[PDB]
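For reference, the structure is listed below as structure tokens.
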Amino acid sequence: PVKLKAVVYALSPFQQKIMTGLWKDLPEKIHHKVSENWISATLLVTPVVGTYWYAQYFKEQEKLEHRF
Amino acid sequence: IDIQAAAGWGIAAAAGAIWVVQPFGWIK
Amino acid sequence: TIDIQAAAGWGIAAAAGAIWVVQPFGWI
Amino acid sequence: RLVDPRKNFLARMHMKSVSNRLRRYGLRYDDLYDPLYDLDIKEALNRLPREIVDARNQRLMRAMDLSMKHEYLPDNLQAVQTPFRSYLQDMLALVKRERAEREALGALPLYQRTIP
Amino acid sequence: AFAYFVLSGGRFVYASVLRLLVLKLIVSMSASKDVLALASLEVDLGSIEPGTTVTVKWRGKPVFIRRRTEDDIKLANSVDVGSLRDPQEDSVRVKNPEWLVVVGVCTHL
Amino acid sequence: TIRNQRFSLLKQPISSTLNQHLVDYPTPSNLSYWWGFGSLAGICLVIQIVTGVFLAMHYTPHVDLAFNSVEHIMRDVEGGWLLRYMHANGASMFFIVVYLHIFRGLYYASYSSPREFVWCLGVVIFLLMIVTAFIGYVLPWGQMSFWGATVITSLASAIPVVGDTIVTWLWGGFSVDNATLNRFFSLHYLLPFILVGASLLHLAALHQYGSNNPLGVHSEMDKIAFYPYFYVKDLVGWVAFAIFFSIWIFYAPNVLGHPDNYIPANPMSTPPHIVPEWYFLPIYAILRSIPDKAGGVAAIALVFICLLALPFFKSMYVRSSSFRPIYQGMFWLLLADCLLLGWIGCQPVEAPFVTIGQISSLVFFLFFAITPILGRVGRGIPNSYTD
Amino acid sequence: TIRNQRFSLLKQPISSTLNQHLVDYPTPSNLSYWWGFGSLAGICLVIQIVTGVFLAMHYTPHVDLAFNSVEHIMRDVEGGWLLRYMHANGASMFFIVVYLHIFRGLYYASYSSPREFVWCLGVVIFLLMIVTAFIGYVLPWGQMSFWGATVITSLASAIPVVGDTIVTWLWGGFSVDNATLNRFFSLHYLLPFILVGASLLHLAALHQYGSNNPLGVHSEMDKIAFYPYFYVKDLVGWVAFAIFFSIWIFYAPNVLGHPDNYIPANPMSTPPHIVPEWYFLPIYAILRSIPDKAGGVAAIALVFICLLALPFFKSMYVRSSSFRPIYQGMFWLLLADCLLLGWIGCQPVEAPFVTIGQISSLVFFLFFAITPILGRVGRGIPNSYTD
Amino acid sequence: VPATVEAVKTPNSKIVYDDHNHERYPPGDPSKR
Amino acid sequence: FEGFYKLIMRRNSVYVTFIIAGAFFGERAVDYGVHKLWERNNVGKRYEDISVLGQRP
Amino acid sequence: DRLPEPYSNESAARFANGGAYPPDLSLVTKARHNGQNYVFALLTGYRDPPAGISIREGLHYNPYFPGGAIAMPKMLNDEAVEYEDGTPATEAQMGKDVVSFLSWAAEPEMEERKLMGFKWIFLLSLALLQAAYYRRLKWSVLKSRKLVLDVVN
Amino acid sequence: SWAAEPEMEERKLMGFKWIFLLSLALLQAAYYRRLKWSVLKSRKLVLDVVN
Ligand SMILES: COC1=C(OC)C(=O)C(C/C=C(\C)CC/C=C(/C)CC/C=C(\C)CC/C=C(\C)CC/C=C(\C)CC/C=C(\C)CCC=C(C)C)=C(C)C1=O
Ligand code: HEM
Ligand code: HEM
Ligand code: HEM
Ligand code: HEM
Ligand code: HEM
Ligand SMILES: COC1=C(OC)C(=O)C(C/C=C(\C)CC/C=C(/C)CC/C=C(\C)CC/C=C(\C)CCC=C(C)C)=C(C)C1=O
Ligand SMILES: COC1=C(OC)C(=O)C(C/C=C(\C)CC/C=C(/C)CC/C=C(\C)CC/C=C(\C)CCC=C(C)C)=C(C)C1=O
Ligand SMILES: COC1=C(OC)C(=O)C(C/C=C(\C)CC/C=C(\C)CC/C=C(\C)CC/C=C(/C)CCC=C(C)C)=C(C)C1=O
Ligand code: FES
């Protein structure tokens, strides 16, 4: 057991609003999600999308070359 | 607290049986 | 220098067991 | 070394990003060193004074509370944070030095990890 | 010393019993006698037009028969043996220069 | 406390083990929704077993009757189509949930000490899932069932000395036939029970040290009971999973599969497009990248060797990707690589997909090769980044 | 002590659970060979599962192929005659061992407090064994199998209102057909795994207080570790059981069975003699002693009710029959009665076997009616037999 | 004086709860049970 | 009104019956409403909407 | 009784069709990619081959069929069938109708399946809203808590 | 008779071999049990009670 020194105040679940917090400070939530994860989203989407488009470009050139 | 609870839980059991098994038509 | 002898001794046992479970006398 | 922030600018960006992430939770870098990871950290932590370990435990409870609440520290509290003020590395290094000295002279370890 | 000698005698049986039971389960998964009794037959065939491939059945092994044109024979004889992954000549694999009879099962998998 | 009288019934010997392991077990309070996929995997296993036991009441494991009995379930059995689609799509859902479960562990370094045994037990579980799902896919005895079995059972032929002997023993004959289907059905009923037992050991191993948390720090200062806090949290994921599963079962029941399995098996003709289920595609692409049969099988084994050797690599003492920006970038590159490998597996073996698959397979193995040296370099970070 | 270093590996967390529950579990030192049948029953269950899994690799659950697949097992697959005889005679050995295990518990009153839950879990196991073995006997689809399944599924018709609909639901139609045989196969693969779980809970319940001993007294003063003392005592029983099993497998493989099951099932003509396996005969006898449809089924249920209510009767505080001459005498009469009932079940329904079966059924139920009376009267033994 | 010690020694009837996730109902309102 | 209302939040046996009744009636109403919208969206495509239904020759 | 078979076995079918086997049509719309569309296009897609393409004797050109050479002839010609409802039996009308019949034959449970899907996805969405509320209600006491500690940095 | 039981000759050879071998194992099993238990069965127990 860890020795702990702390004071905790808690409110009853039936004395507070339950769902309205979902759509509170929404602009801040979106800004935090975008600004912290845009590098992570870039590192996942770019290799997948870039490789996919290169394959389609390769297939289109190969298909046209074999035509008469 | 004992007879009333027994009656209430028996009613719930009977309601559950009619809900799981639907004996509509067998009520003849 | 007895771990090496332990390995060699157990290697003989592993070889002896292998020839015992699988008996490839008709293959050698 | 390339990990030197003063010599290498890439390390400067690496240190800045880690400091910013730690500062949001009020955590020091030495609070990420958990005693269950290995017995050397546990031995080093047990040798530290009580006031340091109590403060480490309170920063960890504050951070776990913030993480649970999907919250960060207020900017006023973020200004006073010292993410890279050390309290464990020197003791950890000494514990590792003592462990190696025991091994070099053929002594039994003072502690071993339980086979899970 | 005597006790270890006596206990080893019964250990002989225990190892043999374990080996027998394990082996009996393993060999039970091998090919049955009714399967092995259907592994050798013969089938006759006819002729096909040039430039085509007909697949015949033997025992789960399709057989590829191709009537190769004279141009196909020149194309199959103008290759370096050294570059081949499996060094082999065209002549040693064919009796009639027109009829190639091979089993149509990929050697990979 | 002298226990002379009986207190709460959950503390009696009849249910003390369930109380301490399911109800009152302490859990880190900051666990995110990414920690609810272990319970979802257990529910997917229960769905697979329950539907499978009732499907086996109508399925005949004979080559002359296997395909027709599956069609008998879909057409004649009252409620048969639902059981079949909940079992066919259930295997895909199981793999989706487990794939997310694995990548959660990779992101947060959940495999690290002191939970190395939890990761190792999971890898064995993943092997059991792969074997179980594959032999089950042969049961309908369609075109992809037959030709799927012809390949995998031939993998043993990579062994030089006894490779052909193992292939024939695995087949029960000289080809894929009723002997193979009958033995695959028995193994497909047994392996899910072994998978249940492996999951129990998996959960027991984790409960020795508790769960890791998104911060990856010591969590003893802020632990709460599993019930009701993480029961209701997991219940949200269960209902959201049920909507996703229902979309496939009732509106897209055949898009996750291939139409060629609706053609009865033909040992003479071969489909021009022989592919496994989508969840075996990344492994399939790695196999096809190596231009050698022996090398390809070794590469598949090396994948599981790299997974097993991951927890035991000497590393830095920081766990979470939230504080490891370089390892965080590597993780997202690995996730994109795994998706790239799966898409390449569906592509035919031709340019440019051959080269792409080889680069993708190389990048996948680089993650496990670069991770250990990141830890060795990262061990010197606290000395370098002073106050 | 401070567990700073690693002592014996058996005390490490990897094997601590196995060490405390198997190697070092405290066991009364005076346990006789009658306490070795629990491990024998566990070994029989494992033998049935292993042989059954490999037999399911060759068996076809179809009415057109079930009989021939069993004959194909006997004649074609190498060693298949051994697997089939091991499985068929293994079910008889399982019942022989479990019947001796139950009677040890009756003689030494091992059902008494504090082991009521152990006995109750054993009764549930016994029901699982009966259902498992019965539906397995239907799988070969012989004359015995068909007419055996016809009446057991017909037992549900004893219920007045919904009895017919349960029979048709169990059949999957209007007669015992391929639907009945196919669903019996699935349940026969699943129930053995449920038996494994029930036996583990059975074992866990017994370990709460420890095993009873031949003297029936408190044994905490003379307990020894299970390994190696009761391991080497159990090993003697295992080898002796193997000799017993080998005699049946290799020299009398069909004595414990009826030749009628070697005739393919004919729904048109019933055999002149129609009996279950020998281990079901005592239940057969009680069923046929009641000259009523509903009464016969009610008596069968009353057998398991009486076995379940046995531990809860207000009994005296003395367990072992070695100190209870009246109870000891009644036990030997009950054993002779159970032997008589099995012999009666093998007899056709006619005089004098109708009267004998009725009397034997009454004597069987009298044992469970007199035992509580013995306890209440026996309570005053210490106050009447004074020094 | 440490904050925990000050809080223990000084009961405060004007307690403020974290409101990022949940906003409280006005004090003196009937329960939403 | 108040009689059933006070029994529902006071006795779990009554509340369980209320849950069972709500599941019975709620599912039937949804099943009826879904079928009505299904019939409205598929006018003229039903089996009984076939004009030659009953004259094979 | 099942629908009658036109041939005794597969070999008889191939011998009567130039060596090609007409596949069973019970699941054809499910056994091909884009099955409903592919069957309609294949039935109504018999046309002259592109320039430079010659078709061997006994086969017919169809671009939708892989390879372009099909052993089935154009069977859906105008007025090939007399409809009892009087609708004009054009090539496209008969092609649309037979694919509709083939679609039902492959998926006879679709209407029951679709009705179950709409009802239960709607009911599960309602349960998802309750599940979110139930989770947030239980966790509100933890999320709104005020923690007071002595540490600063 | 042969057609009904074509495996009988192999079955009988197996039975004689393995029943004989297991009988040797039973004799060794008894020695092993009595060797491990001898320290318990020959022990001398001195207690204080009389009646
Ligand atoms: C184009 O081609 C391809 C496909 O087609 C379309 C595919 O679909 C796939 C996908 C398939 C996979 C990813 C699965 C491959 C992986 C594994 C592990 C194989 C799965 C394993 C098996 C099929 C083997 C089945 C296992 C057995 C038979 C076990 C045998 C042993 C038994 C039963 C027990 C042994 C007995 C004893 C030791 C005796 C004592 C035992 C006791 C219990 C007492 C690939 C790659 C492919 O290229
Ligand atoms: C049938 C398959 C599986 C089941 C039923 C299962 C079940 C669980 C459960 C219930 C948990 C605890 C709750 C949770 O963290 O979600 C857990 C944790 C974990 N599992 Fe799985 N699991 C499965 C597969 C796997 C696999 C394949 C791996 C790795 C290759 C794995 C690795 C882990 C790890 C590392 C943890 C601890 C993570 C942490 O505490 O942060 N599991 N598992
Ligand atoms: C003991 C439990 C199980 C039983 C008895 C069982 C039984 C069956 C049966 C009888 C079939 C054939 C019917 C059909 O094709 O739909 C089948 C198919 C299948 N099973 Fe299982 N199964 C079990 C568990 C699992 C598990 C755990 C998985 C996933 C790992 C799985 C994956 C599959 C798959 C993919 C198919 C083929 C589905 C298809 O395309 O038709 N099964 N199973
Ligand atoms: C999961 C494990 C098991 C499997 C897969 C299994 C499977 C089978 C199969 C396939 C058969 C038909 C082949 C034959 O007739 O010899 C069979 C028969 C039988 N099984 Fe099992 N079984 C299992 C466990 C058991 C158990 C635990 C019992 C006993 C309670 C049992 C009793 C029987 C009996 C009595 C027969 C009929 C034997 C005869 O041919 O006369 N089985 N089993
Ligand atoms: C699957 C079959 C069964 C297995 C594997 C099994 C296993 C065991 C084992 C290992 C023990 C402890 C050691 C021993 O006393 O032999 C035990 C004890 C016991 N079993 Fe069973 N058992 C089975 C069936 C039954 C049945 C059918 C009953 C009777 C209803 C029963 C009643 C008991 C009782 C009363 C004990 C305590 C015996 C004592 O300590 O004196 N068991 N069982
Ligand atoms: C409206 C009437 C018919 C329809 C809708 C129909 C449908 C089909 C379909 C879907 C295929 C397979 C397409 C594919 O393989 O991708 C096919 C193939 C075939 N059909 Fe029909 N069929 C019809 C009538 C006929 C008739 C009357 C004959 C012969 C007189 C015939 C002979 C064949 C043959 C030989 C093939 C195989 C073609 C090949 O393998 O190249 N079909 N048909
Ligand atoms: C704090 O820690 C905990 C977690 O981590 C954070 C959890 O995630 C969960 C929830 C998840 C669980 C329990 C996963 C399910 C368990 C396993 C071993 C995975 C597979 C389980 C299956 C297939 C169940 C089948 C087993 C049966 C039927 C056994 C027989 C028993 C009965 C019928 C009663 C719990 C309770 C928990 O406390
Ligand atoms: C001549 O006549 C007779 C026989 O013949 C030769 C017999 O052999 C027997 C032997 C039978 C005995 C002793 C009783 C067997 C007992 C039971 C309970 C079997 C009933 C169980 C069945 C049919 C299968 C169980 C079905 C289940 C669990 C349904 C599955 C459903 C879900 C999973 C939801 C008797 C008495 C007999 O008089
Ligand atoms: C002092 O205590 C002990 C006893 O006296 C109470 C015993 O009598 C025995 C000997 C007898 C035992 C254990 C009988 C138990 C049998 C059971 C539960 C049925 C068969 C067992 C199976 C299938 C094993 C299942 C268990 C596990 C962990 C799954 C993995 C196993 C396998 C894959 C084989 C032992 C070891 C014991 O210690
Ligand atoms: S089986 Fe032909 S390349 Fe693999």
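Within each chain, counting starts at residue 1; across the structure tokens, chains are named A, B, ... in the order shown, with ligands numbered 1 upward in that order.
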Closest pair table for chain F residues within 10 Å of chain E, only C-alpha atoms, as a Markdown table:
```
| residue | atom | partner | partner_atom | distance |
| --- | --- | --- | --- | --- |
| F:150 | CA | E:109 | CA | 7.3 |
| F:151 | CA | E:109 | CA | 5.0 |
| F:152 | CA | E:109 | CA | 7.6 |
| F:153 | CA | E:109 | CA | 8.3 |
| F:154 | CA | E:109 | CA | 5.2 |
| F:155 | CA | E:109 | CA | 6.6 |
| F:156 | CA | E:109 | CA | 9.3 |
| F:157 | CA | E:109 | CA | 7.9 |
| F:158 | CA | E:108 | CA | 8.9 |
| F:165 | CA | E:30 | CA | 9.6 |
| F:166 | CA | E:30 | CA | 9.4 |
| F:168 | CA | E:30 | CA | 7.4 |
| F:169 | CA | E:30 | CA | 4.7 |
| F:170 | CA | E:29 | CA | 7.4 |
| F:171 | CA | E:31 | CA | 7.8 |
| F:172 | CA | E:31 | CA | 4.4 |
| F:173 | CA | E:31 | CA | 4.7 |
| F:174 | CA | E:60 | CA | 7.8 |
| F:175 | CA | E:60 | CA | 6.2 |
| F:176 | CA | E:60 | CA | 8.2 |
| F:177 | CA | E:60 | CA | 8.9 |
| F:179 | CA | E:31 | CA | 8.2 |
| F:180 | CA | E:29 | CA | 9.5 |
| F:183 | CA | E:29 | CA | 8.2 |
| F:267 | CA | E:60 | CA | 6.8 |
| F:268 | CA | E:62 | CA | 6.2 |
| F:269 | CA | E:62 | CA | 8.7 |
| F:292 | CA | E:108 | CA | 8.6 |
| F:293 | CA | E:108 | CA | 6.3 |
| F:294 | CA | E:108 | CA | 9.5 |
```
Compute the chain D side of the contact with chain J at 6 Å, counting only C-alpha atoms, and hand it back as an mmCIF file with C-alpha atoms, in the first residue's frame.
```
data_model
loop_
_atom_site.group_PDB
_atom_site.id
_atom_site.type_symbol
_atom_site.label_atom_id
_atom_site.label_comp_id
_atom_site.auth_asym_id
_atom_site.auth_seq_id
_atom_site.Cartn_x
_atom_site.Cartn_y
_atom_site.Cartn_z
ATOM 1 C CA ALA D 55 5.978 14.321 -3.951
ATOM 2 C CA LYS D 69 -10.782 13.849 -16.761
ATOM 3 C CA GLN D 81 6.495 23.137 -13.796
ATOM 4 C CA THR D 82 10.050 21.753 -13.990
#
```
Nearby polymer residues, ligand 1, at most 8 Å, only C-alpha atoms and all ligand atoms, as a PyMOL selection string: (chain E and resi 21-26+109) or (chain F and resi 127-128+130-132+134-135+144-145+147-153+170+183-184+187+274-277+280-281+283-285+287-288) or (chain G and resi 50+54)
With N, CA, C and O atoms kept, could you save the residues just selected as a short mmCIF file (atom, residue, chain, number, x, y, z; two decimals), in the first residue's frame?
```cif
data_model
loop_
_atom_site.label_atom_id
_atom_site.label_comp_id
_atom_site.auth_asym_id
_atom_site.auth_seq_id
_atom_site.Cartn_x
_atom_site.Cartn_y
_atom_site.Cartn_z
N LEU E 21 1.40 -44.94 -27.24
CA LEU E 21 0.14 -44.21 -27.30
C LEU E 21 0.26 -42.97 -28.17
O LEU E 21 -0.65 -42.66 -28.96
N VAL E 22 1.37 -42.24 -28.05
CA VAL E 22 1.57 -41.04 -28.86
C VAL E 22 1.68 -41.41 -30.34
O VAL E 22 1.08 -40.78 -31.21
N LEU E 23 2.46 -42.45 -30.64
CA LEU E 23 2.63 -42.87 -32.02
C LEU E 23 1.33 -43.38 -32.62
O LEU E 23 1.03 -43.09 -33.79
N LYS E 24 0.54 -44.12 -31.85
CA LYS E 24 -0.71 -44.66 -32.37
C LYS E 24 -1.66 -43.54 -32.81
O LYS E 24 -2.35 -43.67 -33.82
N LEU E 25 -1.70 -42.44 -32.05
CA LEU E 25 -2.50 -41.30 -32.47
C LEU E 25 -1.94 -40.65 -33.73
O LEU E 25 -2.71 -40.23 -34.61
N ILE E 26 -0.62 -40.54 -33.84
CA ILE E 26 -0.02 -39.87 -34.98
C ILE E 26 -0.24 -40.67 -36.26
O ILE E 26 -0.64 -40.12 -37.29
N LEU E 109 3.51 -24.62 -54.08
CA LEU E 109 2.62 -25.03 -53.00
C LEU E 109 1.40 -25.80 -53.50
O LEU E 109 0.42 -25.93 -52.76
N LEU F 127 -1.74 -17.12 -32.79
CA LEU F 127 -1.51 -18.32 -33.58
C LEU F 127 -2.72 -19.24 -33.56
O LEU F 127 -3.12 -19.78 -34.60
N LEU F 128 -3.32 -19.42 -32.39
CA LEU F 128 -4.50 -20.27 -32.29
C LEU F 128 -5.66 -19.69 -33.09
O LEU F 128 -6.40 -20.43 -33.74
N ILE F 130 -5.43 -17.82 -35.80
CA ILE F 130 -5.15 -17.99 -37.22
C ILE F 130 -5.45 -19.42 -37.66
O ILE F 130 -6.11 -19.64 -38.69
N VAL F 131 -4.99 -20.40 -36.89
CA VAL F 131 -5.23 -21.80 -37.25
C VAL F 131 -6.72 -22.11 -37.20
O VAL F 131 -7.26 -22.78 -38.09
N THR F 132 -7.41 -21.63 -36.16
CA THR F 132 -8.83 -21.93 -36.00
C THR F 132 -9.64 -21.37 -37.16
O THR F 132 -10.47 -22.07 -37.75
N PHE F 134 -8.65 -20.47 -40.17
CA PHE F 134 -8.30 -21.02 -41.48
C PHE F 134 -8.97 -22.36 -41.72
O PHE F 134 -9.60 -22.57 -42.77
N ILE F 135 -8.85 -23.29 -40.78
CA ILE F 135 -9.45 -24.61 -40.98
C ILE F 135 -10.97 -24.52 -41.00
O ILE F 135 -11.63 -25.34 -41.63
N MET F 144 -12.54 -21.51 -52.79
CA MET F 144 -11.44 -20.95 -52.01
C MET F 144 -11.14 -21.79 -50.78
O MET F 144 -10.02 -21.78 -50.27
N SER F 145 -12.14 -22.53 -50.29
CA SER F 145 -11.89 -23.48 -49.21
C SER F 145 -10.95 -24.58 -49.67
O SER F 145 -10.01 -24.95 -48.96
N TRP F 147 -8.84 -24.65 -52.43
CA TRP F 147 -7.52 -24.20 -52.88
C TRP F 147 -6.77 -23.48 -51.78
O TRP F 147 -5.53 -23.43 -51.79
N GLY F 148 -7.49 -22.92 -50.81
CA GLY F 148 -6.83 -22.42 -49.62
C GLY F 148 -6.15 -23.53 -48.83
O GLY F 148 -5.04 -23.36 -48.32
N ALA F 149 -6.81 -24.68 -48.72
CA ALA F 149 -6.24 -25.80 -47.98
C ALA F 149 -5.09 -26.44 -48.75
O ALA F 149 -4.15 -26.98 -48.15
N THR F 150 -5.14 -26.39 -50.08
CA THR F 150 -4.09 -27.01 -50.89
C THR F 150 -2.75 -26.30 -50.69
O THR F 150 -1.69 -26.93 -50.76
N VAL F 151 -2.79 -25.00 -50.42
CA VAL F 151 -1.55 -24.23 -50.27
C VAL F 151 -0.97 -24.40 -48.88
O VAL F 151 0.18 -24.83 -48.72
N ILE F 152 -1.75 -24.08 -47.85
CA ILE F 152 -1.22 -24.04 -46.49
C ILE F 152 -0.72 -25.40 -46.05
O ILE F 152 0.34 -25.51 -45.43
N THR F 153 -1.46 -26.47 -46.37
CA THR F 153 -0.98 -27.80 -46.03
C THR F 153 0.28 -28.18 -46.80
O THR F 153 0.95 -29.13 -46.43
N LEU F 170 -0.38 -34.70 -43.13
CA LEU F 170 -1.36 -33.64 -42.89
C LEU F 170 -2.59 -33.83 -43.77
O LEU F 170 -3.72 -33.62 -43.32
N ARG F 183 -10.80 -34.33 -40.84
CA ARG F 183 -9.89 -34.02 -39.74
C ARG F 183 -9.87 -32.53 -39.43
O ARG F 183 -9.60 -32.14 -38.29
N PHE F 184 -10.14 -31.68 -40.43
CA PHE F 184 -10.19 -30.24 -40.17
C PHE F 184 -11.41 -29.88 -39.33
O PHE F 184 -11.34 -28.99 -38.48
N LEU F 187 -10.67 -30.72 -35.56
CA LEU F 187 -9.72 -29.73 -35.01
C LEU F 187 -10.42 -28.37 -34.84
O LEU F 187 -10.10 -27.67 -33.88
N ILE F 274 -7.02 -16.58 -56.21
CA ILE F 274 -7.05 -17.38 -54.98
C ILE F 274 -6.42 -16.51 -53.89
O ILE F 274 -5.21 -16.30 -53.84
N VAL F 275 -7.27 -16.01 -53.00
CA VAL F 275 -6.83 -15.16 -51.89
C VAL F 275 -7.44 -15.68 -50.59
O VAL F 275 -8.51 -16.32 -50.63
N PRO F 276 -6.82 -15.45 -49.45
CA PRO F 276 -7.43 -15.83 -48.17
C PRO F 276 -8.42 -14.77 -47.72
O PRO F 276 -8.70 -13.79 -48.42
N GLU F 277 -8.96 -14.98 -46.52
CA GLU F 277 -9.76 -13.96 -45.88
C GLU F 277 -8.91 -12.71 -45.65
O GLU F 277 -7.68 -12.77 -45.57
N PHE F 280 -6.00 -12.54 -43.15
CA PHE F 280 -4.75 -13.23 -43.44
C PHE F 280 -3.95 -12.57 -44.55
O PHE F 280 -2.87 -13.06 -44.89
N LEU F 281 -4.46 -11.48 -45.12
CA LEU F 281 -3.78 -10.84 -46.25
C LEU F 281 -2.40 -10.31 -45.91
O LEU F 281 -1.47 -10.53 -46.71
N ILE F 283 -0.15 -11.37 -43.81
CA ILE F 283 0.76 -12.51 -43.75
C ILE F 283 0.97 -13.10 -45.14
O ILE F 283 2.08 -13.53 -45.49
N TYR F 284 -0.09 -13.11 -45.94
CA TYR F 284 0.00 -13.61 -47.31
C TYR F 284 0.93 -12.77 -48.17
O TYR F 284 1.67 -13.32 -49.00
N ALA F 285 0.91 -11.45 -48.00
CA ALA F 285 1.77 -10.58 -48.80
C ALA F 285 3.25 -10.80 -48.47
O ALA F 285 4.10 -10.76 -49.36
N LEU F 287 4.58 -13.58 -47.43
CA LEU F 287 4.94 -14.86 -48.04
C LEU F 287 5.26 -14.70 -49.52
O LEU F 287 6.22 -15.29 -50.02
N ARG F 288 4.47 -13.90 -50.24
CA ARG F 288 4.64 -13.77 -51.68
C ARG F 288 5.82 -12.88 -52.05
O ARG F 288 6.31 -12.94 -53.18
N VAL G 50 -9.18 -37.56 -25.75
CA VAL G 50 -8.10 -37.73 -26.72
C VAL G 50 -8.50 -38.71 -27.81
O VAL G 50 -8.35 -38.44 -29.01
N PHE G 54 -9.61 -37.83 -32.05
CA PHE G 54 -9.02 -38.49 -33.21
C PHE G 54 -10.03 -39.37 -33.93
O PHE G 54 -9.92 -39.57 -35.15
#
```
Residues of chain A near chain H: apply a cut-off of 9 Å, count only C-alpha atoms, and supply the list as a ChimeraX atom specification. /A:5-7,9-22,24-25
Keeping C-alpha atoms, export the residues of the selection given above as a PDB file, in the first residue's frame.
```
ATOM      1  CA  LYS A   5      -1.891  12.644   1.692  1.00  0.00           C
ATOM      2  CA  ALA A   6      -4.888  14.150  -0.184  1.00  0.00           C
ATOM      3  CA  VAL A   7      -8.309  15.836   0.127  1.00  0.00           C
ATOM      4  CA  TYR A   9     -14.409  16.520  -2.769  1.00  0.00           C
ATOM      5  CA  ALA A  10     -17.068  14.675  -4.761  1.00  0.00           C
ATOM      6  CA  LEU A  11     -20.625  15.491  -5.810  1.00  0.00           C
ATOM      7  CA  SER A  12     -23.525  13.074  -6.144  1.00  0.00           C
ATOM      8  CA  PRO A  13     -24.185  11.796  -9.694  1.00  0.00           C
ATOM      9  CA  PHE A  14     -27.826  12.879  -9.300  1.00  0.00           C
ATOM     10  CA  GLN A  15     -26.860  16.509  -8.569  1.00  0.00           C
ATOM     11  CA  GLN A  16     -25.148  17.230 -11.906  1.00  0.00           C
ATOM     12  CA  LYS A  17     -25.961  17.299 -15.607  1.00  0.00           C
ATOM     13  CA  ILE A  18     -24.824  14.146 -17.360  1.00  0.00           C
ATOM     14  CA  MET A  19     -24.782  14.728 -21.122  1.00  0.00           C
ATOM     15  CA  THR A  20     -24.437  18.474 -21.779  1.00  0.00           C
ATOM     16  CA  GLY A  21     -20.676  18.181 -21.278  1.00  0.00           C
ATOM     17  CA  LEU A  22     -20.360  16.303 -24.575  1.00  0.00           C
ATOM     18  CA  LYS A  24     -19.207  21.926 -24.299  1.00  0.00           C
ATOM     19  CA  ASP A  25     -16.059  23.802 -25.428  1.00  0.00           C
TER      20      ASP A  25
END
```
Kindly work out which residues sit at most 8 Å from ligand 6, using only C-alpha atoms and all ligand atoms, and give the list as number ranges by chain. J: 14, 17-23, 25, 28-29, 32, 38-39, 42-43, 59, 65-66, 69-73, 75-76, 94-95, 98-99
For ligand 3, collect every residue having any atom at a distance of at most 8 Å from a ligand atom (counting only C-alpha atoms and all ligand atoms); output as a VMD selection string. (chain F and resid 45 to 46 48 to 60 70 83 to 85 87 to 92 94 to 95 128 to 140 185 188 to 193 195 257 261) or (chain G and resid 186 190)
Which residue gives the smallest distance to ligand 8 among G:384, G:315, G:270, G:110, with only C-alpha atoms and all ligand atoms counted? G:270
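Distance check against chain F using only C-alpha atoms: of A:34, A:64, A:26, A:55, the minimum falls on A:55.
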Surrounding residues of residue 68 (chain G) excluding itself and chain neighbours under 3 positions, 12 Å, only C-alpha atoms, as an MDAnalysis selection string: chainID G and resid 58:65 71:76 139:142 262:265
